[PDB]
């Protein structure tokens, strides 16, 4: 439970990750260095509540949180968590664009199913906040603004997931604009292209239903799962 117990392999993204290996067993994890040196007792309570909340969630489709470490000599809190060895989804989109190949509908279904399960757990979000493990399994972790969020309910997450899945299919968000007001206009207009014709009408139908303007028209977390399109192997397999 100390920064001296871990070795640093390299930095992933500057808080700043590092990817760490624990000398005891040799386990690969990551930590994020958040330096509170410039924070008063005000930030302490909120940050500790955030830590309490994050270290409590135990779900396969969410990046697991493990330990907390303090090195007062550095005033940098290390937050430890699992290392999704497959990277984030934004990198998958980047690789798809750079090789002129579309992602397999089965993979889009995987992401849809596992992220819907993760959202259901959170009730009981960009391609960069979504990682993959070695089994190509989807983990959630810390353009997509919803109609209501810009005139905040559970269906707003449905909308965000619909935008994510659309971007996975089409390799670009459903609403492309240069200015923010132009984006809000394209959204309130509530119109977008169909996902590539390589994808079934059913995938497009579920994704479109997520992107309805009226929140009460988007599918609940369960209506998404009740869909004949979602099979077993789209689920997280250890």
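Rigid core: the largest C-alpha set superposing within 1.5 Å between the two forms. Positions refer to the first chain, counted from 1.
**Q** So which moves more in 8 other deposited structures of this protein by CA, 36 to 44 or 196 to 204, given a superposition on the core?
**A** Clearly, after the core fit, the stretch farther away in 8 other deposited structures of this protein is 36 to 44.
**Q** Comparing against the shown form in 8 other deposited structures of this protein, which stretch has the larger RMS C-alpha deviation after a rigid core superposition, 108 to 116 or 86 to 94?
**A** Evaluated in 8 other deposited structures of this protein, the stretch farther from the shown form is 86 to 94.
**Q** Look at the other compared PDB entries that model both sides of residue 152, then say whether a third or more of them leave it out.
**A** Residue status for residue 152: gap in at least one third of the other entries.
**Q** Please say, as none, 1 to 3, 4 to 9, or 10 or more, how many residues of the deposited sequence are without coordinates in the interval between residue 151 and residue 152.
**A** Unmodelled stretch: 1 to 3 residues, a short break.
**Q** According to the entry, are there none, 1 to 3, 4 to 9, or 10 or more residues of the deposited sequence without coordinates between residue 142 and residue 143?
**A** Unresolved stretch here: 10 or more residues.
**Q** When the C-alpha temperature factors are averaged for each of 113 to 121 and 84 to 92, which stretch ends up with the higher value in the entry?
**A** Averaging CA B-factors over each stretch, the winner is 84 to 92.
**Q** Which wins on mean Cα temperature factor, 97 to 105 or 156 to 164?
**A** Between 156 to 164 and 97 to 105, it is 97 to 105 that shows the higher mean C-alpha B-factor.
**Q** Could you say which of 177, 29, 203, 169 has its CA atom at the highest B factor, as listed in the PDB entry?
**A** Answer for 177, 29, 203, 169: 177, with the highest C-alpha B-factor.
**Q** Could you say which of 213, 47, 62, 207 has its CA atom at the highest B factor, as listed in the PDB entry?
**A** The listed residue with the largest C-alpha B-factor is 47.
**Q** Mind checking which third residue 2 falls in for C-alpha B-factor across the chain?
**A** Tercile = highest for this residue's CA B-factor.
**Q** What third of its chain's C-alpha B-factors does residue 77 belong to: lowest, middle or highest?
**A** Within its chain, residue 77 is a highest-third residue by C-alpha B-factor, going by the deposited values.
**Q** Against its chain's modelled residues, does residue 20's Cα B factor rank lowest, middle or highest third?
**A** Middle third by C-alpha B-factor.
**Q** Please rank the C-alpha B-factors of the chain's modelled residues and tell me whether residue 12 sits in the lowest, middle or highest third.
**A** Highest third of the chain for residue 12's C-alpha B-factor.
**Q** Could you tell me which third, lowest, middle or highest, the C-alpha B-factor of residue 198 occupies within its chain?
**A** Lowest third, going by the recorded CA B-factors of the chain.
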